[PDB]
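Undergrad: File follows, work.txt with compact mmCIF, N, CA and C atoms:
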# COMPACT_ATOMS: atom_id res chain seq x y z
N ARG A 123 -9.03 -10.18 11.33
CA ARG A 123 -8.62 -11.43 10.63
C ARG A 123 -7.66 -11.09 9.49
N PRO A 124 -6.49 -10.54 9.83
CA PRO A 124 -5.47 -10.16 8.84
C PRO A 124 -5.06 -11.35 7.97
N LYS A 125 -4.76 -11.10 6.72
CA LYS A 125 -4.35 -12.22 5.82
C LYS A 125 -2.83 -12.38 5.87
N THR A 126 -2.35 -13.59 5.79
CA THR A 126 -0.88 -13.81 5.83
C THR A 126 -0.36 -14.01 4.40
N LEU A 127 -1.16 -13.72 3.42
CA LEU A 127 -0.71 -13.89 2.01
C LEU A 127 -0.13 -12.57 1.50
N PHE A 128 1.17 -12.44 1.51
CA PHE A 128 1.80 -11.18 1.03
C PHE A 128 2.68 -11.48 -0.18
N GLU A 129 2.77 -10.57 -1.11
CA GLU A 129 3.61 -10.80 -2.32
C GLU A 129 4.37 -9.52 -2.66
N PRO A 130 5.47 -9.66 -3.42
CA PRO A 130 6.30 -8.52 -3.83
C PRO A 130 5.46 -7.42 -4.51
N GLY A 131 5.60 -6.20 -4.07
CA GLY A 131 4.82 -5.10 -4.69
C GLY A 131 3.49 -4.93 -3.95
N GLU A 132 3.24 -5.74 -2.96
CA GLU A 132 1.96 -5.62 -2.20
C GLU A 132 2.13 -4.60 -1.08
N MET A 133 1.17 -3.73 -0.91
CA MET A 133 1.27 -2.71 0.17
C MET A 133 0.90 -3.34 1.51
N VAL A 134 1.51 -2.90 2.57
CA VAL A 134 1.19 -3.48 3.91
C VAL A 134 0.95 -2.34 4.91
N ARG A 135 0.64 -2.67 6.13
CA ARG A 135 0.39 -1.61 7.15
C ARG A 135 1.20 -1.91 8.41
N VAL A 136 1.80 -0.90 8.99
CA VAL A 136 2.61 -1.13 10.22
C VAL A 136 1.85 -0.60 11.44
N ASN A 137 1.77 -1.37 12.49
CA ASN A 137 1.04 -0.91 13.70
C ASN A 137 1.87 -1.24 14.95
N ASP A 138 3.14 -1.45 14.79
CA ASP A 138 4.00 -1.77 15.96
C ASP A 138 5.35 -1.07 15.82
N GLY A 139 5.95 -0.69 16.92
CA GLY A 139 7.27 0.00 16.85
C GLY A 139 7.08 1.40 16.27
N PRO A 140 8.17 2.18 16.20
CA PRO A 140 8.12 3.55 15.67
C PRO A 140 7.52 3.60 14.26
N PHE A 141 7.51 2.49 13.57
CA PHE A 141 6.94 2.47 12.19
C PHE A 141 5.43 2.25 12.27
N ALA A 142 4.88 2.25 13.46
CA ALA A 142 3.41 2.04 13.60
C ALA A 142 2.66 3.22 12.97
N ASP A 143 1.49 2.98 12.44
CA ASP A 143 0.72 4.09 11.82
C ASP A 143 1.37 4.49 10.49
N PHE A 144 1.99 3.55 9.82
CA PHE A 144 2.64 3.87 8.52
C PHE A 144 2.37 2.74 7.53
N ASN A 145 2.34 3.05 6.26
CA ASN A 145 2.09 1.99 5.24
C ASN A 145 3.30 1.87 4.32
N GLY A 146 3.39 0.80 3.58
CA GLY A 146 4.55 0.62 2.66
C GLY A 146 4.32 -0.61 1.77
N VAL A 147 5.29 -0.98 0.99
CA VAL A 147 5.13 -2.17 0.11
C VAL A 147 6.19 -3.21 0.45
N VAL A 148 5.90 -4.46 0.24
CA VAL A 148 6.89 -5.53 0.55
C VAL A 148 7.70 -5.86 -0.70
N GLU A 149 8.88 -5.31 -0.83
CA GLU A 149 9.71 -5.60 -2.03
C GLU A 149 10.19 -7.05 -1.98
N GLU A 150 10.49 -7.55 -0.81
CA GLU A 150 10.96 -8.96 -0.70
C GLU A 150 10.24 -9.65 0.46
N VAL A 151 10.03 -10.93 0.36
CA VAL A 151 9.32 -11.65 1.46
C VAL A 151 10.17 -12.85 1.90
N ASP A 152 10.06 -13.24 3.14
CA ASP A 152 10.86 -14.40 3.63
C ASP A 152 9.97 -15.29 4.50
N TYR A 153 9.28 -16.22 3.90
CA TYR A 153 8.40 -17.13 4.68
C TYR A 153 9.25 -18.01 5.60
N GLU A 154 10.40 -18.43 5.13
CA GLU A 154 11.27 -19.29 5.97
C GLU A 154 11.71 -18.51 7.22
N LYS A 155 12.09 -17.28 7.06
CA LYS A 155 12.52 -16.47 8.23
C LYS A 155 11.31 -15.77 8.85
N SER A 156 10.14 -15.98 8.30
CA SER A 156 8.92 -15.33 8.86
C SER A 156 9.16 -13.82 8.97
N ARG A 157 9.59 -13.20 7.91
CA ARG A 157 9.84 -11.73 7.96
C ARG A 157 9.48 -11.10 6.61
N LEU A 158 8.89 -9.94 6.63
CA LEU A 158 8.51 -9.29 5.34
C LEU A 158 9.42 -8.08 5.10
N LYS A 159 9.93 -7.94 3.91
CA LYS A 159 10.82 -6.79 3.61
C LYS A 159 9.99 -5.63 3.05
N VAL A 160 9.56 -4.74 3.90
CA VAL A 160 8.74 -3.59 3.43
C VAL A 160 9.40 -2.28 3.86
N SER A 161 9.36 -1.28 3.02
CA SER A 161 9.99 0.03 3.38
C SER A 161 8.89 1.04 3.71
N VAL A 162 9.15 1.95 4.61
CA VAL A 162 8.13 2.97 4.96
C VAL A 162 8.55 4.33 4.41
N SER A 163 7.65 5.03 3.77
CA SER A 163 8.00 6.36 3.21
C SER A 163 8.15 7.37 4.35
N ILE A 164 9.31 7.44 4.94
CA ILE A 164 9.51 8.40 6.06
C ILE A 164 10.42 9.54 5.60
N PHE A 165 10.12 10.75 6.00
CA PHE A 165 10.96 11.90 5.57
C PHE A 165 10.93 12.02 4.05
N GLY A 166 9.97 11.41 3.41
CA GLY A 166 9.90 11.49 1.93
C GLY A 166 10.82 10.44 1.31
N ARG A 167 11.41 9.60 2.12
CA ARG A 167 12.32 8.55 1.57
C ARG A 167 11.85 7.18 2.04
N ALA A 168 11.99 6.18 1.21
CA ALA A 168 11.54 4.81 1.61
C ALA A 168 12.47 4.28 2.71
N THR A 169 11.92 3.57 3.66
CA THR A 169 12.77 3.02 4.76
C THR A 169 12.58 1.51 4.84
N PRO A 170 13.18 0.77 3.90
CA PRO A 170 13.08 -0.70 3.86
C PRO A 170 13.35 -1.32 5.23
N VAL A 171 12.33 -1.80 5.89
CA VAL A 171 12.52 -2.42 7.23
C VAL A 171 11.86 -3.80 7.25
N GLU A 172 12.32 -4.68 8.10
CA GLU A 172 11.71 -6.04 8.17
C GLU A 172 10.66 -6.07 9.28
N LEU A 173 9.45 -6.42 8.94
CA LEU A 173 8.37 -6.47 9.97
C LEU A 173 7.72 -7.85 9.96
N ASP A 174 7.26 -8.32 11.09
CA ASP A 174 6.61 -9.65 11.14
C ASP A 174 5.20 -9.56 10.56
N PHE A 175 4.60 -10.67 10.25
CA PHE A 175 3.22 -10.64 9.68
C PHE A 175 2.27 -9.99 10.68
N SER A 176 2.41 -10.31 11.94
CA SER A 176 1.51 -9.70 12.97
C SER A 176 1.94 -8.26 13.23
N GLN A 177 3.19 -7.95 13.01
CA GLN A 177 3.67 -6.56 13.25
C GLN A 177 3.05 -5.62 12.21
N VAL A 178 2.70 -6.15 11.06
CA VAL A 178 2.10 -5.29 10.01
C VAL A 178 0.79 -5.92 9.52
N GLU A 179 -0.07 -5.14 8.93
CA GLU A 179 -1.36 -5.70 8.44
C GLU A 179 -1.39 -5.64 6.91
N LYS A 180 -2.07 -6.57 6.28
CA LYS A 180 -2.13 -6.56 4.79
C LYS A 180 -2.99 -5.38 4.33
N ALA A 181 -2.54 -4.67 3.33
CA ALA A 181 -3.33 -3.51 2.83
C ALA A 181 -4.06 -3.90 1.55
N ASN B 3 16.39 -7.94 23.72
CA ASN B 3 17.37 -8.56 22.84
C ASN B 3 17.28 -8.11 21.39
N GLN B 4 16.54 -7.02 21.14
CA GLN B 4 16.44 -6.46 19.82
C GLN B 4 17.39 -5.29 19.68
N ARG B 5 17.72 -5.03 18.43
CA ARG B 5 18.70 -4.06 18.04
C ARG B 5 18.09 -3.20 16.93
N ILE B 6 18.37 -1.90 16.93
CA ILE B 6 18.08 -1.07 15.74
C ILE B 6 19.37 -0.99 14.91
N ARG B 7 19.30 -1.41 13.67
CA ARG B 7 20.44 -1.34 12.76
C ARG B 7 20.17 -0.27 11.73
N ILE B 8 21.14 0.60 11.58
CA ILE B 8 21.02 1.73 10.66
C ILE B 8 22.20 1.76 9.70
N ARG B 9 21.90 1.97 8.43
CA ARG B 9 22.91 2.22 7.41
C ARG B 9 22.59 3.56 6.78
N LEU B 10 23.60 4.42 6.73
CA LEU B 10 23.50 5.74 6.12
C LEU B 10 24.30 5.78 4.85
N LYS B 11 23.78 6.50 3.86
CA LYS B 11 24.52 6.79 2.63
C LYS B 11 24.33 8.24 2.27
N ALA B 12 25.34 8.83 1.66
CA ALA B 12 25.20 10.22 1.16
C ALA B 12 26.30 10.49 0.19
N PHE B 13 26.05 11.38 -0.76
CA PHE B 13 27.15 11.91 -1.58
C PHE B 13 27.96 12.98 -0.84
N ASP B 14 27.38 13.63 0.16
CA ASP B 14 28.03 14.71 0.90
C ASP B 14 28.46 14.20 2.27
N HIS B 15 29.77 14.10 2.52
CA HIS B 15 30.26 13.58 3.79
C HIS B 15 29.87 14.47 4.96
N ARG B 16 29.71 15.76 4.74
CA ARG B 16 29.33 16.65 5.83
C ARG B 16 27.93 16.29 6.32
N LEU B 17 27.03 16.01 5.38
CA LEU B 17 25.66 15.64 5.74
C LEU B 17 25.65 14.29 6.45
N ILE B 18 26.46 13.33 6.00
CA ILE B 18 26.41 12.00 6.58
C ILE B 18 26.93 12.04 8.01
N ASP B 19 27.97 12.82 8.27
CA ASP B 19 28.53 12.87 9.63
C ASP B 19 27.62 13.63 10.57
N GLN B 20 26.93 14.65 10.07
CA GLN B 20 25.94 15.35 10.89
C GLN B 20 24.75 14.44 11.24
N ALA B 21 24.25 13.66 10.26
CA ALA B 21 23.12 12.79 10.50
C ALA B 21 23.55 11.72 11.50
N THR B 22 24.76 11.18 11.35
CA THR B 22 25.27 10.16 12.25
C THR B 22 25.33 10.70 13.66
N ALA B 23 25.87 11.91 13.83
CA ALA B 23 25.93 12.52 15.15
C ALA B 23 24.55 12.72 15.77
N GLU B 24 23.60 13.13 14.96
CA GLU B 24 22.24 13.35 15.43
C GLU B 24 21.58 12.05 15.91
N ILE B 25 21.79 10.97 15.18
CA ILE B 25 21.27 9.67 15.55
C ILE B 25 21.90 9.19 16.85
N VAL B 26 23.22 9.31 16.97
CA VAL B 26 23.91 8.94 18.20
C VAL B 26 23.36 9.71 19.40
N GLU B 27 23.23 11.03 19.25
CA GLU B 27 22.78 11.87 20.35
C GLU B 27 21.37 11.49 20.73
N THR B 28 20.51 11.27 19.75
CA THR B 28 19.12 10.93 20.01
C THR B 28 19.04 9.62 20.79
N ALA B 29 19.83 8.64 20.40
CA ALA B 29 19.84 7.34 21.06
C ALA B 29 20.31 7.45 22.50
N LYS B 30 21.44 8.11 22.71
CA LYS B 30 22.03 8.21 24.03
C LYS B 30 21.14 9.00 24.99
N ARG B 31 20.44 10.04 24.52
CA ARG B 31 19.57 10.86 25.40
C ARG B 31 18.28 10.17 25.79
N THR B 32 18.15 9.00 25.20
CA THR B 32 17.00 8.15 25.12
C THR B 32 17.14 7.02 26.13
N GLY B 33 18.35 6.88 26.68
CA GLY B 33 18.66 5.77 27.58
C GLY B 33 19.12 4.50 26.87
N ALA B 34 19.41 4.60 25.58
CA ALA B 34 19.89 3.48 24.74
C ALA B 34 21.38 3.57 24.56
N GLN B 35 21.97 2.49 24.06
CA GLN B 35 23.41 2.45 23.85
C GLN B 35 23.70 2.39 22.37
N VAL B 36 24.85 2.89 21.98
CA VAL B 36 25.24 2.96 20.59
C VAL B 36 26.38 1.98 20.37
N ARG B 37 26.35 1.27 19.24
CA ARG B 37 27.48 0.50 18.75
C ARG B 37 27.89 1.11 17.43
N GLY B 38 29.19 1.27 17.23
CA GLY B 38 29.69 2.11 16.17
C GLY B 38 29.52 3.55 16.60
N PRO B 39 29.29 4.47 15.68
CA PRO B 39 29.15 4.28 14.24
C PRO B 39 30.48 4.00 13.60
N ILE B 40 30.46 3.30 12.50
CA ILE B 40 31.68 3.12 11.73
C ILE B 40 31.53 3.59 10.30
N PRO B 41 32.60 4.10 9.71
CA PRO B 41 32.61 4.39 8.28
C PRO B 41 33.03 3.16 7.50
N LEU B 42 32.44 2.98 6.34
CA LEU B 42 32.90 1.95 5.40
C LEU B 42 33.67 2.64 4.28
N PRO B 43 34.48 1.90 3.51
CA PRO B 43 35.12 2.56 2.36
C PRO B 43 34.10 3.17 1.42
N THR B 44 34.38 4.36 0.93
CA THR B 44 33.52 5.06 -0.03
C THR B 44 33.42 4.28 -1.34
N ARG B 45 32.19 4.16 -1.86
CA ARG B 45 31.92 3.33 -3.05
C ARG B 45 31.15 4.18 -4.01
N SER B 46 31.63 4.27 -5.25
CA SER B 46 30.95 5.08 -6.27
C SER B 46 30.61 6.47 -5.77
N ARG B 47 31.59 7.12 -5.15
CA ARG B 47 31.50 8.49 -4.61
C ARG B 47 30.45 8.64 -3.52
N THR B 48 30.03 7.52 -2.94
CA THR B 48 29.01 7.49 -1.91
C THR B 48 29.66 7.15 -0.60
N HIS B 49 29.45 8.01 0.37
CA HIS B 49 29.89 7.77 1.74
C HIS B 49 28.91 6.88 2.45
N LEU B 50 29.42 6.04 3.34
CA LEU B 50 28.65 5.01 3.98
C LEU B 50 29.00 4.97 5.45
N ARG B 51 27.97 4.85 6.29
CA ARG B 51 28.15 4.68 7.74
C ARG B 51 27.22 3.62 8.23
N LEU B 52 27.64 2.89 9.26
CA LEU B 52 26.79 1.93 9.96
C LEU B 52 26.73 2.30 11.42
N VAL B 53 25.55 2.20 12.01
CA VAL B 53 25.44 2.42 13.44
C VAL B 53 24.32 1.56 13.96
N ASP B 54 24.46 1.04 15.17
CA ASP B 54 23.39 0.27 15.79
C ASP B 54 23.05 0.86 17.13
N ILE B 55 21.81 0.63 17.53
CA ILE B 55 21.32 1.06 18.83
C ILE B 55 20.88 -0.18 19.60
N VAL B 56 21.54 -0.44 20.72
CA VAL B 56 21.13 -1.57 21.55
C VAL B 56 20.33 -1.09 22.74
N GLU B 57 19.61 -2.03 23.31
CA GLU B 57 18.64 -1.75 24.40
C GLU B 57 17.78 -0.52 24.05
N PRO B 58 17.19 -0.50 22.85
CA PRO B 58 16.29 0.61 22.57
C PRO B 58 15.03 0.55 23.45
N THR B 59 14.52 1.72 23.79
CA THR B 59 13.26 1.86 24.52
C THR B 59 12.21 2.46 23.59
N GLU B 60 10.96 2.50 24.06
CA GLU B 60 9.90 3.21 23.35
C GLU B 60 10.29 4.67 23.17
N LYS B 61 10.87 5.30 24.19
CA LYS B 61 11.34 6.72 24.06
C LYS B 61 12.42 6.87 22.94
N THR B 62 13.31 5.88 22.78
CA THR B 62 14.28 5.85 21.66
C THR B 62 13.61 5.86 20.31
N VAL B 63 12.65 4.96 20.12
CA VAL B 63 11.95 4.84 18.84
C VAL B 63 11.21 6.14 18.54
N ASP B 64 10.54 6.69 19.55
CA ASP B 64 9.80 7.92 19.37
C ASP B 64 10.72 9.10 19.04
N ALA B 65 11.87 9.15 19.68
CA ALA B 65 12.84 10.21 19.41
C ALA B 65 13.42 10.09 18.01
N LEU B 66 13.65 8.86 17.55
CA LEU B 66 14.14 8.66 16.20
C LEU B 66 13.10 9.07 15.15
N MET B 67 11.84 8.78 15.42
CA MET B 67 10.81 9.15 14.49
C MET B 67 10.74 10.68 14.40
N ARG B 68 10.82 11.36 15.54
CA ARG B 68 10.71 12.82 15.57
C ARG B 68 11.88 13.50 14.88
N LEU B 69 13.05 12.87 14.94
CA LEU B 69 14.26 13.46 14.37
C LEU B 69 14.06 13.72 12.88
N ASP B 70 14.34 14.94 12.44
CA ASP B 70 14.30 15.29 11.01
C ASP B 70 15.66 15.16 10.36
N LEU B 71 15.82 14.15 9.52
CA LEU B 71 17.10 13.90 8.89
C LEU B 71 17.19 14.72 7.59
N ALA B 72 18.33 15.37 7.39
CA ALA B 72 18.55 16.29 6.26
C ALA B 72 18.27 15.64 4.94
N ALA B 73 17.78 16.45 4.01
CA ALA B 73 17.77 16.04 2.62
C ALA B 73 19.19 15.68 2.20
N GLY B 74 19.29 14.63 1.41
CA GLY B 74 20.55 14.22 0.86
C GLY B 74 21.23 13.11 1.64
N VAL B 75 20.57 12.59 2.67
CA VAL B 75 21.11 11.40 3.38
C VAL B 75 20.05 10.30 3.30
N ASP B 76 20.46 9.11 2.91
CA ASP B 76 19.59 7.96 2.89
C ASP B 76 19.81 7.14 4.14
N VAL B 77 18.73 6.81 4.82
CA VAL B 77 18.82 6.02 6.02
C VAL B 77 17.98 4.77 5.89
N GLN B 78 18.60 3.60 5.97
CA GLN B 78 17.94 2.30 6.02
C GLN B 78 17.94 1.87 7.48
N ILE B 79 16.78 1.49 7.99
CA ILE B 79 16.63 1.21 9.43
C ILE B 79 15.80 -0.03 9.65
N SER B 80 16.24 -0.85 10.60
CA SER B 80 15.50 -2.06 10.97
C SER B 80 15.55 -2.26 12.46
N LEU B 81 14.57 -3.00 12.96
CA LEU B 81 14.53 -3.41 14.35
C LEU B 81 14.31 -4.89 14.43
N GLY B 82 15.17 -5.58 15.16
CA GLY B 82 14.97 -7.02 15.41
C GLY B 82 16.10 -7.63 16.22
As structure tokens, please, write out the structure in this file.
TA:
Amino acid sequence: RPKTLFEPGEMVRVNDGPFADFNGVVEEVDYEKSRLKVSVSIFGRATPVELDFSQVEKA
Amino acid sequence: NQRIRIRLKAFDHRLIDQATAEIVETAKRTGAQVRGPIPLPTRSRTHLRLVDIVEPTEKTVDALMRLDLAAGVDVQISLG
């Protein structure tokens, strides 16, 4: 029962696509476009990617 | 109908062109297609490249994850 309440600075979880099994924070959110702006710490660098609410889980 | 969009930045043009080549090779060996890469004008001594991967497969995504990108190159990546 994942929550759809996400806010800037909130950590999220990715379980779909190559970013699956990775966590990150949502710097920007887009309820109108139904997309969350969260980056994944890959290679030691943040990777700001857009994931859907179901594509990622609230942390 | 999804695309992987990648933007690269680096202060060292040698690193950015090597990373770009590595991404292209990984995509193509993957059964995916490449659009670009293109260079943008250098801004604040920062080199910039854009490249997209169309018709990505699971093998493409996995190959990109495995790829070790050099220190000193920033890669922003999205899928949609």
Undergrad: With only N, CA and C atoms considered, list every residue of chain A at most 8 Å from chain B, as a PyMOL selection string.
TA: chain A and resi 139-141+165+167-173
Undergrad: So how far away is atom N of residue B:55 from atom CA of residue B:32, in Å?
TA: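 Separating atom CA of residue B:32 from atom N of residue B:55 is a distance of 11.7 Å.
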Undergrad: Which residues, written as a PDB file with N, CA and C atoms, in the frame of the given file, have at least one atom at most 6.5 Å from stretch 148-152 of chain A, with all atoms listed in the file counted and residues fewer than 4 positions away on the same chain left out?
TA:
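Now in result_16.pdb:
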ATOM      1  N   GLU A 129       2.770 -10.570  -1.110  1.00  0.00           N
ATOM      2  CA  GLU A 129       3.610 -10.800  -2.320  1.00  0.00           C
ATOM      3  C   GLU A 129       4.370  -9.520  -2.660  1.00  0.00           C
ATOM      4  N   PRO A 130       5.470  -9.660  -3.420  1.00  0.00           N
ATOM      5  CA  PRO A 130       6.300  -8.520  -3.830  1.00  0.00           C
ATOM      6  C   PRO A 130       5.460  -7.420  -4.510  1.00  0.00           C
ATOM      7  N   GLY A 131       5.600  -6.200  -4.070  1.00  0.00           N
ATOM      8  CA  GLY A 131       4.820  -5.100  -4.690  1.00  0.00           C
ATOM      9  C   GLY A 131       3.490  -4.930  -3.950  1.00  0.00           C
ATOM     10  N   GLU A 132       3.240  -5.740  -2.960  1.00  0.00           N
ATOM     11  CA  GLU A 132       1.960  -5.620  -2.200  1.00  0.00           C
ATOM     12  C   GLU A 132       2.130  -4.600  -1.080  1.00  0.00           C
ATOM     13  N   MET A 133       1.170  -3.730  -0.910  1.00  0.00           N
ATOM     14  CA  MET A 133       1.270  -2.710   0.170  1.00  0.00           C
ATOM     15  C   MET A 133       0.900  -3.340   1.510  1.00  0.00           C
ATOM     16  N   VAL A 134       1.510  -2.900   2.570  1.00  0.00           N
ATOM     17  CA  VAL A 134       1.190  -3.480   3.910  1.00  0.00           C
ATOM     18  C   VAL A 134       0.950  -2.340   4.910  1.00  0.00           C
ATOM     19  N   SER A 156      10.140 -15.980   8.300  1.00  0.00           N
ATOM     20  CA  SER A 156       8.920 -15.330   8.860  1.00  0.00           C
ATOM     21  C   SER A 156       9.160 -13.820   8.970  1.00  0.00           C
ATOM     22  N   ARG A 157       9.590 -13.200   7.910  1.00  0.00           N
ATOM     23  CA  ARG A 157       9.840 -11.730   7.960  1.00  0.00           C
ATOM     24  C   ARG A 157       9.480 -11.100   6.610  1.00  0.00           C
ATOM     25  N   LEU A 158       8.890  -9.940   6.630  1.00  0.00           N
ATOM     26  CA  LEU A 158       8.510  -9.290   5.340  1.00  0.00           C
ATOM     27  C   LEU A 158       9.420  -8.080   5.100  1.00  0.00           C
ATOM     28  N   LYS A 159       9.930  -7.940   3.910  1.00  0.00           N
ATOM     29  CA  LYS A 159      10.820  -6.790   3.610  1.00  0.00           C
ATOM     30  C   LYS A 159       9.990  -5.630   3.050  1.00  0.00           C
ATOM     31  N   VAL A 160       9.560  -4.740   3.900  1.00  0.00           N
ATOM     32  CA  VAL A 160       8.740  -3.590   3.430  1.00  0.00           C
ATOM     33  C   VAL A 160       9.400  -2.280   3.860  1.00  0.00           C
ATOM     34  N   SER A 161       9.360  -1.280   3.020  1.00  0.00           N
ATOM     35  CA  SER A 161       9.990   0.030   3.380  1.00  0.00           C
ATOM     36  C   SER A 161       8.890   1.040   3.710  1.00  0.00           C
TER      37      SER A 161
END
Undergrad: Would you please work out which residue, of B:22, B:15, B:33, B:27, is nearest to residue B:58 when using only C-alpha atoms?
TA: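 Among the listed residues, the smallest separation from residue B:58 belongs to B:33.
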Undergrad: So which bits of chain B end up alpha helix (DSSP H) when you DSSP the backbone, as a ChimeraX atom specification?
TA: /B:15-30,60-68
Undergrad: What does the structure give for the distance between atom CA of residue A:180 and atom CA of residue A:166, in Å to one decimal?
TA: 21.9 Å
Undergrad: Using Å and a single decimal, report how far atom N of residue B:21 sits from atom CA of residue B:53.
TA: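 Between these atoms lies a distance of 11.7 Å.
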